[PDB]
Each structure stands twice: as C-alpha cells, then as structure tokens.
Amino acid sequence: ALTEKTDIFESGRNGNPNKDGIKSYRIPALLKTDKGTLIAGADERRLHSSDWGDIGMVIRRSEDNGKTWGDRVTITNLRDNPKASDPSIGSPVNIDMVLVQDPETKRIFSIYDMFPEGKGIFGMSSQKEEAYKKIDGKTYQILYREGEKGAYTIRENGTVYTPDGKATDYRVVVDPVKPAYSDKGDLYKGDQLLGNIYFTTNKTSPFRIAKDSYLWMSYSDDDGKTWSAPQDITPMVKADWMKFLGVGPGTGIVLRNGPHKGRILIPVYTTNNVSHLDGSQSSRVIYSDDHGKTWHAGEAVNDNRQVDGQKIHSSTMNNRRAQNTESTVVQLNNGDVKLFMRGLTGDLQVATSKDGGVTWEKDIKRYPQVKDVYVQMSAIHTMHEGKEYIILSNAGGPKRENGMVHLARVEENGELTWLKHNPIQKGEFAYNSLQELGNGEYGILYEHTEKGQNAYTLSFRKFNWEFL
Amino acid sequence: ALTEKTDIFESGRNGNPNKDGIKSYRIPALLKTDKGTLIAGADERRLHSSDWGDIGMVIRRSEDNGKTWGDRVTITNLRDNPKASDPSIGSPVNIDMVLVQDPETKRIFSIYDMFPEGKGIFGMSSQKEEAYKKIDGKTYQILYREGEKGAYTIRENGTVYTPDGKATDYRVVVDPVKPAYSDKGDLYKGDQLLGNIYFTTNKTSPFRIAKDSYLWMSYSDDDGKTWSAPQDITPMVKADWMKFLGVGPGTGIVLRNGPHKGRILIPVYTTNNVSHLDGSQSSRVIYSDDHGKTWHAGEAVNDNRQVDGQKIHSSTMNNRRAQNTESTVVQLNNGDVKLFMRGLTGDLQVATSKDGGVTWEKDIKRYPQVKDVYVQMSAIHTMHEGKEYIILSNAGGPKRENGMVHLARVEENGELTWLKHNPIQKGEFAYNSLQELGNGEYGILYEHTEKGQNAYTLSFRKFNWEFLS
Ligand SMILES: CC(=O)N[C@H]1[C@H]([C@H](O)[C@H](O)CO)OC(C(=O)O)=C[C@@H]1NC(=N)N
Ligand SMILES: CC(=O)N[C@H]1[C@H]([C@H](O)[C@H](O)CO)OC(C(=O)O)=C[C@@H]1NC(=N)N
Ligand SMILES: [Cl-]
Ligand SMILES: [Cl-]
C-alpha cells in the first residue's frame, strides 16, 4: 500500500544548519524520466529559511524507483555579493522550479525564477525598470550605470555598449563556466573582474540589470546528471505590464493528444502594478511547441473573467478572492487541459482550456470536497484498467498539515467526481509533487517536518491503487 | 504688426448652436503647407461643449495667407448610436488633432484620438480589455460578442472570424465610403446593416471593439482638400500597460537636420492603470522615419526620471507634480529636440532629446519667466537675421486668459533665454497653434470667447518680428 517516508533532502534542526551547512530545503519537484529515473528537485537554502537569500537549484537522482538516491547535483547557484552589509539578503536569488521532460528529444528542463540581489518577490520596487531593448531586430538585456540615465546594452560576446551604440571596454560573462554557473553576470573590464550585474548594493562594478522578476531555464540531455548554463526566457513571455512573473513549482506536462500534442506546458503566475500581491496574483501557463526552444505566454485564467458583476483582467484586477496563484496542470484524454489553482476560497479551484492552454473557459469550477488552505498542490493524469482518473495531493488542513492524496474520476465531459481522499502524512505538510511510476504505483515528494526540523525536510513515499 | 482677430470657426452663443447647427469648436491646429496654404484644424462639437459626444474632425483652408478661408472640410465624423438613451454621451468619439506635412512627399497627416461610444477619456474602464490579436504574424482588431468570453477578429475585407479562426457571415465596414466616413465600423450580416462595432449601449449587432483609448490617422495628398479613410495606428504605438494614449494637439514637426532628418514627430501623452489622470499623465512623441507609413513610440520623458531621489517610469508612476501632458515639439539647429510640456508646476517645463525624440535627458528645465496655468501651448523654431529663436504662445494667467507670445534666444549650448513676453489677446485664451508664414510674418490660431460665445470660437491673427521684439 503506502511505504514509509524516505528523507531525500534533509533540513537542519532547531534553526541550525544540517551536516552539509544547509539550513533547509523547500519546493519539491519530482520527475519520472523516460529511462525510469526519478529526479527530485528542490530550493537549497544555505543561510536561512526565508523566501530569498542564497538559494541554489539542486536535484538528486534515483535509478531504482526511489529506493536510494545519488548525491546532490547543482543546476544553478549564483554567487553572493561579497560586499553586502546583510548576507541574509545579499545574494541574487533563484527560487521555485518546474521540471518537465520532452518525450521526443528526452531533453529535461528546469524552469525557475531569478531576481537580482535582495528580498525576491518581497523586495520588488513600486516602479518599473525596463529590462530589455530591441536594436536592429535583436533583443538585448539592459544595464544601468549609477548617475547616468540611459540604457547600456549587453551585445555580442557579452560586450557592453553605450546608450549611443558604441562598444565599451566592459563585458559580461554570458557564457558562465564555473561550477553551478556561479560566474554568470560577472562584470569584467578586459581580464579584470570588477563585480556582478546582479549585485545591487555596495557595488564594485559600474553596471546592474533592471530591478525586476525574471524567468530562467536550464536543461539536461543526460538524464539530469549535467545541466546547461541558465537561459533567460523572460523576454519571450513577460509582458510590459507584468510585475512578478514566476513559476507554479512542481512538474509540468507535455500534451499527449489533440491538435497541440507535443506542447510543453509550464504553470506560471503573475502580478500587476495596480494591486501586486494583494489583489492580482493570476495563474496561466507558458508553453513551447518546438521542444523548449521558444516560449509563449498563454492568457491568464483571470483575463476577461466575469467576477461578481464585472469583467476583470490580470493586468488591472484588484480582487483578493479572485486571485489564483501557483497551479498544477493536467491534460485529459478528450484533449481538455485542467489547471488546478492555489487560491483563497478554502476549496479546490479548477480552470479549463479547450485550446491546449492558450485561453480558459468562463467558469472556475469549485470542488468543496477537496480543501485548499492556500498552499501549492500537484496533480497527475492516470489510467487504471481502461479508466481515466486524476490524482491530486495537498494539505488537508486546517493548516499546512495532514497530507492528503485525492482520487477523482474524470467524466466524459471533463467534470471531476471525487471518489477517495486518503491521508498520507500526519503533522506538517506543504508543497508536494506527484509522478506515475509504471504499475499501479505512484510516487510523492513532499514538504514535512518532525522532531524540530527546519522548514522543510523533503521526503518521498510510494503508494499504489490499494492505497488510492 | 498685429492684425485684428479673424474668426475661423465660430461658436454659437449662450448655449445655442451657431447657424451651421454646431455648438462650439475647440483644439486649434495651424499648418502652413508647401503650397503656402494655411490649414486650420478643429474639434467640431455639435451637441454641447464637453470632452465627449458628437465631435467631427474638420479643417478650413486659406489660400491667401489667412485673409479668407474656404468651406469646412470634414476629415472624420463617426455616426452617432441612434439607440443611445442619452445622446450627449451616445456617440463614438474623435477628439484632439495634430497636423503635420511631410516636406518630401507633400502628404498631410491628421492624427487624433478615438474612443467608442461614451465619455471619452472620462469614461475609461478600471479593467483592461485586449484590443488586438496577432494571428500568424498579422495584427487584427478584436471583437467581443454578447454572451461570449472569446476574442473574435476583424480580418481581410472586414470579415469577422470566430475565436477558433472560422469565417463568419458577419462583416465590418473597414473601407468606409460615406461622407466624413460616418459608416466606419458598421456591422453587417451579409447584406443587412445590423449596427456598429463602436456602439456600446442598446446594441443592435452582436459585436463591439475593446473599450479603450485609440489613435487614428487620416492623410491628404491634395493640400487638405480631400482625406483618406481613418487608419487605426494604435497597435503600432500603444504598449500593453497604457491606459490612455492620445495626442498633444496642435502641429507636429519634421526634423530638418541631423542623422534623423526627415523624421516626423507627433506629441502624445499616456496614463497608466496605477494612477490614471491623477498621477501618471506623461509626455512623449511617436515618430515615423518612412514618411508616415509606420509609427513608433519614443520613450516617455518620465521613463527612468529621478523624482524625490527616486526613479519613476510612466507605466508605474503616481506623482501629481511629476506629470507632463500635452506638449509642443521643436528641433534646434544643433539637432536637439525640445519638448515644451503642459504641467502642474505653475511655470514652463522643457525636456531635451539628443537622439531625435527617442529618449530624454535627465533634467527637465523650468523657466519661471513663462507661466503655465495648466493649458496647452504651441512653440515653433524660427531664424531672424542669422540668429536662432523659439516662439511660444500660451495663456498668461491667472486663469485661461491673457494670451501671450513669448520670445527666446536659443544659446549655443541649447539654453533658452527669454527676451520678450508680448500680450496678443485680452480676456479668455486657451489652446493655440503657431506657424511661421514667411517674410518675417507669423500666424496663430487660438481659442477665445467673448459676449456669451460658447467655448470656444477659434480666431486667427498675423504678427511680425516687430511685434515679437
Ligand atoms: C517566489 C516566492 O516567493 N515563492 C514563495 C511563494 C510566494 O511568496 C507566494 O506564492 C506569493 O503569494 O510562497 C511560498 C509559500 O510557501 O507560501 C513559498 C515560496 N518560497 C520559496 N520558494 N522559498
Ligand atoms: C482627449 C481629451 O479629453 N482631451 C481634452 C484634454 C484632456 O481631458 C486633459 O489633457 C486630461 O488631463 O483637456 C482639455 C483642456 O482644455 O484642458 C481639452 C481636451 N478637450 C477636448 N478636446 N474637448
Ligand atoms: Cl558590482
Ligand atoms: Cl450595435
């Protein structure tokens, strides 16, 4: 039925670091690859357990269906500002990942947020700063220089150009080479390292990127063993009005049927400048139809949505209860895509797309038989004995506690009928990620603490249909 | 040295329409063409004197340097919604024009605001509605259908397409043929007129455009005698964050020197969704380098502007005094572009661009010797006996009264030295447009009323260098 928990990422105790000098881990993503391998992804939080600071994007691999796991592999870990007054806020931040595999190329993607040095989503400015500039059909990332108003650009070879279009003696590391790509954004003049473009305080170089929220992507073509340098996918998908744009962490999908088969779907959510985190968080997907080469934004669930009288839009809404945030995405056999969205109604909110994730139907469906206490969830499609189901896992409540694995039957019209609700973990329970394993068996990687563990320890369990 | 006022567009009196059935005129634009022709543009307000309603874009032409003027020529006048409960707010709106001629092609452009039926800039919604959709690289205007969430599109030949991209039996008049193009936007099912996509109340067709602020353009290739159908230029220039985008009315320029010579510059201004008309009004220019065929937005004066030791952006600002609204644009002989902007400081605010209107220098210069009572102004470059000057006209104050023509020497470093401040019209004085007429003479079309004349009557005067100095 259900196995006992195996601890995959171990957090420290009583506010102290673990044996690796790491305080805690958060944000599980569980990928079951084509070769049977399980990739377990996490935020690795070295210094403290906040939503910022020194966080690396890390994975572990199990080649025996989750029994034993290899050593941590670091995808990305940007170097700290060695001059920051407060190291707790003195690192450029990567935070929250989504994992997915392309089933044709077998390429594995990790998509995650990036912010310059500071407090991440909780450090965002009230004012927009332009991040990119289009010059002769090429999009360049902008750099700002203290006491100068104009936009410098990073062009060919990482060479920095003046606002007026002339090459400088300065250059950015745009092809990072150090372990964990900790050299990305390093600012040189000739062969002299001066600082880093992601540093925002006590700078030793003249240049910095726009203070904003970014989305990065790294990929692996060797079953998660090694990873590419980070690719900045922001300018492909972030609209000029968006404040925050970030992933809904967990595991993305690839569409298996319909006109859009082969489409990679990555849950994301945005905020606007009208109400930001107070009334605007809005879920959507970004997608790629060319096996991860180019990315596009779908429309938000909240775009032209009717809410208590009146239409809203994600770019202009200010409605706490109509927010939807981190989400988990599933495709049905009839071609429909369901988006299970974290929200503030107390129960499960589901949006439906008829066109492979680009637009959403007018109604958000509420399922009062599945509680949602305002915490991430994960959901996967499953076939059992020729019958179509959805498995969804989240906290049972009243707080981030008592982990549940809910089983739904999907009807021919895509309506969901909730059959079973199975507690899987007493005590602390938060973020979780599900995968199908290959028999009637399923794996879950989740957040949980016991015995004074720092939030969180990430643990793994297998269950089967008899548990379900 | 200063002629008596000649009335060009005459308002009615005591809230009554004039002889032509028109309550009032507003928003002068004066343009001296290649031919020597003077074109005077205006908002023609049929129903009342507010910032919405039934408003036509109209011109008159003078062929004798402002002495006599011909009959009204209507550029654009969208038909009213015949089913609207309140006629004063029952018409799609055009409002505020900029005129400019391309010196090479001789083409004359009128660029002006458009809004569907309602209260114009004072009727904008709190929530965005997407207005355009790119389908396989092609940009189409969206239509919304009663009882449906999805975006229909207006495609080739005006054919309305479903959200899934199927042709319907519905069609939009995209190539209007009626006088003043009053049929633009008409919605047909095959051969039967059903209603109009610009109507927002008591609709008789199923379809309507996004509720938004738009920018339209019409052009003349025959010295202002006839005009093209309106071009919707909005998607070329309006960003996904902009709430209002509209012209700073008057007369635009064509750059006459430097690497961007030939560039057409059109003052505009935006608001955002953070503070709209309370704290985000921000000047910039849109420009064309291909003789008016395609248009691009410059950056706002307020983009990356330091205010109170902190950087703002036009898209996110909320600062009353940092706003800059309608503006007038002038190029210096050194290549620099000056933007004189209506503002809330009580005095004249000027921005400088060194890249042909695309970005603006960090410091907005203020001149305490020219008052700004928060009203439109016009300014023009001029040369007198080998020396460079700018002439600017606006109200002297305290209110919108006491028209002034100000004269500045432009110094070698681009600094302006204000030399003379000459009264040109006592009593009411508001919007105005200046043009150099040649041989030391200048013309001005301006808003003024007397004895119970509805706001406003548009009058013309000519003056010479002697009046200036
Ligand atoms: C980018 C970011 O800050 N991600 C946050 C997330 C976020 O703050 C909320 O969704 C905003 O409403 O909340 C939570 C949470 O547990 O509620 C965890 C993530 N924390 C970490 N990955 N450390
Ligand atoms: C599009 C529009 O509403 N244009 C308005 C303009 C505008 O309301 C302000 O600049 C907003 O701050 O103000 C004025 C004005 O006299 O202050 C006249 C124009 N009115 C007419 N053309 N009727
Ligand atoms: Cl630095
Ligand atoms: Cl209609």
# chains A, B, ... in the order shown; residues from 1 in each chain; ligands from 1
$ residues_around --residues "segment 387-394 of chain A" --least-positions-apart "3" --cutoff "8 Å" --atoms "only C-alpha atoms" --output "list in words"
residues 333, 372, 375, 376, 377, 378, 379, 380, 381, 382, 383, 384, 403, 404, 405, 406, 407, 408, 409, 410, 429, 430, 431, 432, 433 and 434 of chain A
$ interface_residues --of "chain B" --to "chain A" --cutoff "7 Å" --atoms "only C-alpha atoms" --output "ChimeraX atom specification"
/B:127-129,149,240-241,273-274,304,312-313,315-317,362
$ residues_near_ligand --ligand "ligand 1" --cutoff "8 Å" --atoms "only C-alpha atoms and all ligand atoms" --output "list in words"
residues 26, 27, 43, 49, 50, 51, 52, 95, 96, 113, 120, 121, 122, 246, 247, 277, 281, 325, 326, 374, 375, 376, 430 and 431 of chain A
$ residues_near_ligand --ligand "ligand 4" --cutoff "6 Å" --atoms "only C-alpha atoms and all ligand atoms" --output "list in words"
residues 195, 196, 197, 199, 203, 204 and 205 of chain B
$ residues_around --residues "segment 84-86 of chain A" --least-positions-apart "5" --cutoff "9 Å" --atoms "only C-alpha atoms" --output "short mmCIF file (atom, residue, chain, number, x, y, z; two decimals) with N, CA and C atoms, in the first residue's frame"
data_model
loop_
_atom_site.label_atom_id
_atom_site.label_comp_id
_atom_site.auth_asym_id
_atom_site.auth_seq_id
_atom_site.Cartn_x
_atom_site.Cartn_y
_atom_site.Cartn_z
N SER A 91 22.40 38.01 -1.74
CA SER A 91 22.62 37.12 -2.89
C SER A 91 21.55 37.36 -3.96
N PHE A 199 24.36 42.26 -8.73
CA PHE A 199 24.58 42.91 -7.44
C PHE A 199 23.90 44.28 -7.42
N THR A 200 23.29 44.61 -6.28
CA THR A 200 22.51 45.83 -6.17
C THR A 200 22.99 46.78 -5.05
N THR A 201 23.85 46.28 -4.16
CA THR A 201 24.38 47.11 -3.07
C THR A 201 25.90 47.06 -3.00
N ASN A 202 26.50 48.14 -2.50
CA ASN A 202 27.96 48.20 -2.31
C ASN A 202 28.71 47.66 -3.53
N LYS A 203 28.28 48.10 -4.70
CA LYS A 203 28.77 47.54 -5.96
C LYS A 203 30.24 47.89 -6.18
#
$ residues_near_ligand --ligand "ligand 2" --cutoff "8 Å" --atoms "only C-alpha atoms and all ligand atoms" --output "list in words"
residues 26, 27, 43, 49, 50, 51, 52, 95, 96, 113, 120, 121, 122, 246, 247, 248, 277, 281, 325, 326, 374, 375, 376, 430 and 431 of chain B
$ write_last_selection --atoms "N, CA and C atoms" --output "short mmCIF file (atom, residue, chain, number, x, y, z; two decimals), in the first residue's frame"
data_model
loop_
_atom_site.label_atom_id
_atom_site.label_comp_id
_atom_site.auth_asym_id
_atom_site.auth_seq_id
_atom_site.Cartn_x
_atom_site.Cartn_y
_atom_site.Cartn_z
N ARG B 26 -13.23 73.52 -30.68
CA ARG B 26 -12.08 73.52 -29.79
C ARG B 26 -10.85 72.94 -30.49
N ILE B 27 -9.68 73.17 -29.89
CA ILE B 27 -8.45 72.43 -30.22
C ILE B 27 -7.89 72.82 -31.60
N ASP B 43 -11.71 70.47 -33.40
CA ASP B 43 -12.82 69.63 -32.96
C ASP B 43 -14.08 70.42 -33.26
N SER B 49 -20.61 71.36 -25.28
CA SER B 49 -19.22 71.80 -25.21
C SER B 49 -18.36 70.97 -24.25
N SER B 50 -18.56 69.66 -24.21
CA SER B 50 -17.81 68.79 -23.29
C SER B 50 -16.74 67.96 -24.01
N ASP B 51 -16.01 67.14 -23.25
CA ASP B 51 -14.88 66.35 -23.76
C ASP B 51 -15.29 64.97 -24.30
N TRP B 52 -16.48 64.94 -24.89
CA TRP B 52 -17.06 63.73 -25.47
C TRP B 52 -18.26 64.15 -26.32
N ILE B 95 -11.38 63.10 -30.98
CA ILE B 95 -11.09 64.23 -30.12
C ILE B 95 -9.58 64.52 -30.17
N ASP B 96 -9.25 65.80 -30.36
CA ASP B 96 -7.86 66.33 -30.32
C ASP B 96 -7.04 65.91 -31.55
N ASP B 113 -7.48 61.30 -31.47
CA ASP B 113 -7.91 60.23 -30.57
C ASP B 113 -9.20 59.61 -31.07
N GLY B 120 -15.42 59.53 -23.57
CA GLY B 120 -14.01 59.72 -23.92
C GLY B 120 -13.05 59.34 -22.80
N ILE B 121 -12.05 60.18 -22.57
CA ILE B 121 -11.04 59.92 -21.56
C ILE B 121 -11.63 59.85 -20.15
N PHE B 122 -12.81 60.45 -19.98
CA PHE B 122 -13.50 60.49 -18.68
C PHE B 122 -14.50 59.34 -18.49
N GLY B 246 -3.03 59.44 -26.21
CA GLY B 246 -3.64 60.46 -27.03
C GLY B 246 -2.67 61.56 -27.40
N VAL B 247 -3.06 62.36 -28.39
CA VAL B 247 -2.20 63.42 -28.90
C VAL B 247 -2.15 64.63 -27.97
N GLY B 248 -0.99 65.31 -27.98
CA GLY B 248 -0.86 66.67 -27.53
C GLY B 248 -1.16 67.53 -28.74
N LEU B 277 -5.46 59.61 -14.46
CA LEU B 277 -5.43 61.06 -14.62
C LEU B 277 -4.99 61.84 -13.37
N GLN B 281 -0.08 61.14 -16.02
CA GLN B 281 0.00 61.79 -17.34
C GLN B 281 1.44 62.06 -17.70
N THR B 325 1.91 66.59 -19.79
CA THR B 325 0.71 66.13 -20.51
C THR B 325 0.82 66.47 -21.97
N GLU B 326 -0.06 67.34 -22.46
CA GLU B 326 0.04 67.84 -23.82
C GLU B 326 1.34 68.61 -23.96
N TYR B 374 -1.54 75.39 -16.65
CA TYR B 374 -2.07 74.05 -16.94
C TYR B 374 -3.05 74.14 -18.08
N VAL B 375 -2.50 74.42 -19.26
CA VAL B 375 -3.22 74.51 -20.52
C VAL B 375 -2.23 74.21 -21.66
N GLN B 376 -2.77 73.77 -22.80
CA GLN B 376 -1.95 73.50 -23.99
C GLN B 376 -1.19 74.76 -24.40
N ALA B 430 -6.99 80.09 -24.50
CA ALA B 430 -6.68 78.72 -24.11
C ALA B 430 -5.76 78.11 -25.15
N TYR B 431 -6.25 77.10 -25.88
CA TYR B 431 -5.43 76.34 -26.84
C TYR B 431 -5.04 77.19 -28.06
#
$ residues_near_ligand --ligand "ligand 3" --cutoff "8 Å" --atoms "only C-alpha atoms and all ligand atoms" --output "PDB file with C-alpha atoms, in the first residue's frame"
ATOM      1  CA  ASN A  81      27.567  39.758  -3.157  1.00  0.00           C
ATOM      2  CA  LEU A 187      31.331  42.120 -14.983  1.00  0.00           C
ATOM      3  CA  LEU A 194      35.103  44.089 -11.315  1.00  0.00           C
ATOM      4  CA  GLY A 195      31.812  42.817  -9.877  1.00  0.00           C
ATOM      5  CA  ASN A 196      28.465  41.397 -10.964  1.00  0.00           C
ATOM      6  CA  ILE A 197      25.460  42.796 -12.864  1.00  0.00           C
ATOM      7  CA  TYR A 198      23.072  41.048 -10.392  1.00  0.00           C
ATOM      8  CA  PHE A 199      24.581  42.914  -7.442  1.00  0.00           C
ATOM      9  CA  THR A 200      22.509  45.835  -6.171  1.00  0.00           C
ATOM     10  CA  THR A 201      24.378  47.106  -3.071  1.00  0.00           C
ATOM     11  CA  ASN A 202      27.957  48.202  -2.314  1.00  0.00           C
ATOM     12  CA  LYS A 203      28.773  47.537  -5.957  1.00  0.00           C
ATOM     13  CA  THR A 204      32.369  47.263  -7.188  1.00  0.00           C
ATOM     14  CA  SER A 205      31.413  47.485 -10.883  1.00  0.00           C
ATOM     15  CA  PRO A 206      29.501  50.337 -12.621  1.00  0.00           C
ATOM     16  CA  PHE A 207      26.654  48.206 -14.012  1.00  0.00           C
ATOM     17  CA  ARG A 208      23.467  46.429 -12.995  1.00  0.00           C
TER      18      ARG A 208
END
$ closest_residue --among "B:389, B:77, B:345, B:305" --to "residue 230 of chain B" --atoms "only C-alpha atoms"
B:77
$ residues_around --residues "residue 380 of chain B" --least-positions-apart "2" --cutoff "10 Å" --atoms "only C-alpha atoms" --output "MDAnalysis selection string"
chainID B and resid 251:253 328:332 378 382 389:393 433:436
$ closest_residue --among "A:291, A:46, A:451, A:284" --to "residue 342 of chain A" --atoms "only C-alpha atoms"
A:284
$ residues_around --residues "residue 243 of chain B" --least-positions-apart "2" --cutoff "8 Å" --atoms "only C-alpha atoms" --output "list in words"
residues 128, 212, 213, 241, 245, 270, 271, 272, 273 and 276 of chain B
$ write_last_selection --atoms "N, CA, C and O atoms" --output "PDB file, in the first residue's frame"
ATOM      1  N   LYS B 128      -8.724  46.440 -18.065  1.00  0.00           N
ATOM      2  CA  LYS B 128      -8.278  46.324 -19.448  1.00  0.00           C
ATOM      3  C   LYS B 128      -9.112  45.314 -20.240  1.00  0.00           C
ATOM      4  O   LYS B 128      -9.553  44.288 -19.711  1.00  0.00           O
ATOM      5  N   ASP B 212     -11.531  50.993 -24.970  1.00  0.00           N
ATOM      6  CA  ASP B 212     -10.188  51.513 -24.823  1.00  0.00           C
ATOM      7  C   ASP B 212     -10.034  52.884 -25.496  1.00  0.00           C
ATOM      8  O   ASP B 212     -10.955  53.399 -26.147  1.00  0.00           O
ATOM      9  N   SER B 213      -8.832  53.437 -25.323  1.00  0.00           N
ATOM     10  CA  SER B 213      -8.373  54.668 -25.939  1.00  0.00           C
ATOM     11  C   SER B 213      -7.645  54.291 -27.226  1.00  0.00           C
ATOM     12  O   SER B 213      -6.776  53.416 -27.202  1.00  0.00           O
ATOM     13  N   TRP B 241       0.560  48.191 -21.242  1.00  0.00           N
ATOM     14  CA  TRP B 241       0.309  48.814 -19.940  1.00  0.00           C
ATOM     15  C   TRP B 241      -0.442  50.141 -20.044  1.00  0.00           C
ATOM     16  O   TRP B 241      -0.959  50.611 -19.038  1.00  0.00           O
ATOM     17  N   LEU B 245      -3.786  56.653 -24.353  1.00  0.00           N
ATOM     18  CA  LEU B 245      -2.772  57.211 -25.262  1.00  0.00           C
ATOM     19  C   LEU B 245      -3.456  58.176 -26.236  1.00  0.00           C
ATOM     20  O   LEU B 245      -4.347  57.789 -27.000  1.00  0.00           O
ATOM     21  N   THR B 270       0.459  59.685 -22.207  1.00  0.00           N
ATOM     22  CA  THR B 270      -0.178  58.456 -21.708  1.00  0.00           C
ATOM     23  C   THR B 270      -0.664  58.570 -20.287  1.00  0.00           C
ATOM     24  O   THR B 270      -0.249  59.449 -19.547  1.00  0.00           O
ATOM     25  N   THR B 271      -1.578  57.692 -19.915  1.00  0.00           N
ATOM     26  CA  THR B 271      -1.752  57.402 -18.497  1.00  0.00           C
ATOM     27  C   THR B 271      -1.553  55.914 -18.287  1.00  0.00           C
ATOM     28  O   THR B 271      -1.490  55.137 -19.265  1.00  0.00           O
ATOM     29  N   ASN B 272      -1.445  55.542 -17.022  1.00  0.00           N
ATOM     30  CA  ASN B 272      -1.299  54.146 -16.610  1.00  0.00           C
ATOM     31  C   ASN B 272      -2.473  53.725 -15.742  1.00  0.00           C
ATOM     32  O   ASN B 272      -3.330  54.565 -15.398  1.00  0.00           O
ATOM     33  N   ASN B 273      -2.464  52.449 -15.343  1.00  0.00           N
ATOM     34  CA  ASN B 273      -3.531  51.878 -14.532  1.00  0.00           C
ATOM     35  C   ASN B 273      -3.347  52.070 -13.034  1.00  0.00           C
ATOM     36  O   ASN B 273      -4.255  51.771 -12.249  1.00  0.00           O
ATOM     37  N   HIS B 276      -3.716  56.767 -13.367  1.00  0.00           N
ATOM     38  CA  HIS B 276      -4.503  57.339 -14.460  1.00  0.00           C
ATOM     39  C   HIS B 276      -4.347  58.866 -14.496  1.00  0.00           C
ATOM     40  O   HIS B 276      -3.212  59.361 -14.511  1.00  0.00           O
TER      41      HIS B 276
END
$ closest_residue --among "A:21, A:248, A:12, A:397" --to "residue 97 of chain A" --atoms "only C-alpha atoms"
A:248
